[PDB]
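Since the structure comes first, as structure tokens, the remarks are kept for the end.
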Amino acid sequence: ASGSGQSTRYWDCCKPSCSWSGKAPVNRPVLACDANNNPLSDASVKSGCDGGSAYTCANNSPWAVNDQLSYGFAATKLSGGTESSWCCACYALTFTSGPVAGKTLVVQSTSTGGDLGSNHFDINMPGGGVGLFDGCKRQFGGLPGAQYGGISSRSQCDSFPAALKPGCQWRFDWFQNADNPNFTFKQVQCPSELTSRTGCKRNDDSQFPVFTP
Ligand SMILES: OC[C@H]1O[C@@H](O[C@H]2[C@H](O)[C@@H](O)[C@H](O)O[C@@H]2CO)[C@H](O)[C@@H](O)[C@@H]1O
């Protein structure tokens with residue numbers, strides 16, 4: 001898949017939808033975590049957003065490699081696709097608007113986003129907003145910030161759980177607090193940096209081009 005799309009930001013702490021078995025042709029589904037960021041090899045644990053105890057791992061956070069390139073994660077809803085075609089796929093995003101215009105973010109899809117424009121990427125970042133399901137309230141008592149869009153000042157990251165602070169600050173640092181920047185995207189082979197965090201690699205990963213930083 002390739003094309004253009006709109007971005008939002010989120011972190012709801014819920015078990016990612018690609019953490020369920022049988023969703024896509026993969027070696028294994030995305031690792032969810034317990035409330036203390038220990039990975040759950042058992043894909044049957046119920047989502048903390050449904051009264052269970054499985055949450056998004058803190059390592060599903062974005063980070064910068066250099067001033068031009070970051071790696072991270074997103075919830076995707078793509079024209080012509082299904083969960084079976086995007087779960088655990090990677091995509092190189094090139095931003096086309098906002099202060100980050102021209103920068104590159106390579107993401108792995110770990111969940112399904114909502115319909116928003118032609119190709120929505122809901123980009124993971126702690127403190128970007130829980131939205132509809134406040135899993136973080138159950139995981140550790142909640143994150144600060146607006147329901148949609150999350151926190152508004154960088155200092156609000158200071159009270160986050162330790163493992164969520166780097167991703168929280170990335171939003172204000174490399175990402176320049178960009179507000180829903182647009183992008184073009186291309187599906188690519190997943191960098192090992194991403195699959196080593198989620199443990200999930202698509203059987204069709206090699207059908208797509210290698211990403212070159
Ligand atoms: O609904 C998708 C996504 O929205 C996020 O909030 C958006 C909001 O919908 C939009 O109106 C505003 O302009 O920007 C914010 C931040 O992107 C919300 O944080 C997510 O939880 C939600 O999944």
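Listing for the model above:
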item: Those residues of the stretch 164-181 which are away from the ligand (no atom under 13 Å from the Cβ), outside any loop (DSSP other than H, G, I, E, B) and either among the polar types (S, T, N, Q) or touching a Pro at 6+ places or on another chain (Cβ under 9 Å) (or both), in sequence order; result: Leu164, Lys165, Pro166, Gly167, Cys168, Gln169, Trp170
item: Residues satisfying the stated conditions in the stretch 171-193, i.e. within 27 Å of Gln156 (Cβ to Cβ), touching a strand residue (DSSP E or B) at 6+ places or on another chain (Cβ under 9 Å) and hydrophobic (A, V, I, L, M, F, W, C); result: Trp174, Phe175, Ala178, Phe183
item: Where a residue in the stretch 1-27 is under 29 Å from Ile151 (Cβ atoms) and its partner, wherever it lies, is more than 16 Å from the ligand (Cβ to nearest atom) and hydroxyl-bearing (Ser, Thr, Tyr), with Cβ under 7 Å and at least six apart; result: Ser4/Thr184
item: Tally, over the stretch 148-163, of residues that are free of Cβ contacts under 8 Å to residues at least 60 places away in the same chain, within 26 Å of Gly51 (Cα to Cα) and not in a loop (DSSP other than H, G, I, E, B); result: 2
item: Members of the stretch 8-28 found to be in a loop (DSSP other than H, G, I, E, B) and either within 15 Å of the ligand (Cβ to nearest atom) or of a type in the set (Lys, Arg) (or both), listed by number; result: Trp11, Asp12, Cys13, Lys15, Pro16, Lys23, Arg28
item: Any chance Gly5 is within 16 Å of the ligand (Cβ to nearest atom), closer than 27 Å to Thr184 by Cα and not in a loop (DSSP other than H, G, I, E, B); result: yes
item: Inter-residue pairs, beta-carbon under 8 Å, first closer than 18 Å to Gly167 by Cα and in contact (Cβ under 8 Å) with a residue 12 or more places away in the chain and in the stretch 129-140, second of a type in the set (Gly, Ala, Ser) and within 7 Å of the ligand (Cβ to nearest atom), 6+ apart; result: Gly129/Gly149; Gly129/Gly150; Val130/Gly150
item: Tally of residues being among the charged types (D, E, K, R) and closer than 17 Å to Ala74 by Cα across the stretch 10-63; result: 3
item: Scan of the stretch 105-147 for residues that are part of a loop (DSSP other than H, G, I, E, B), within 8 Å of the ligand (Cβ to nearest atom) and either under 25 Å from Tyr71 (Cβ atoms) or under 10 Å from the mean Cα position of the chain (by Cα) (or both), ordered by number; result: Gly113, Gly114, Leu116, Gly128, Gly129, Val130, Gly131
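Residue-wise test of (1) within 15 Å of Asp173 (Cα to Cα); (2) touching a strand residue (DSSP E or B) at 6+ places or on another chain (Cβ under 9 Å); (3) basic (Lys, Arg).
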site	(1), (2), (3)
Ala92	no, yes, no
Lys137	no, no, yes
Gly141	no, no, no
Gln147	no, no, no
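Every read-out reported here was derived from the displayed coordinates using simple, explicitly stated rules and does not represent laboratory data. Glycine gets a Cβ as well: all are built from the backbone with ideal geometry, and neighbour counts include every protein chain shown.
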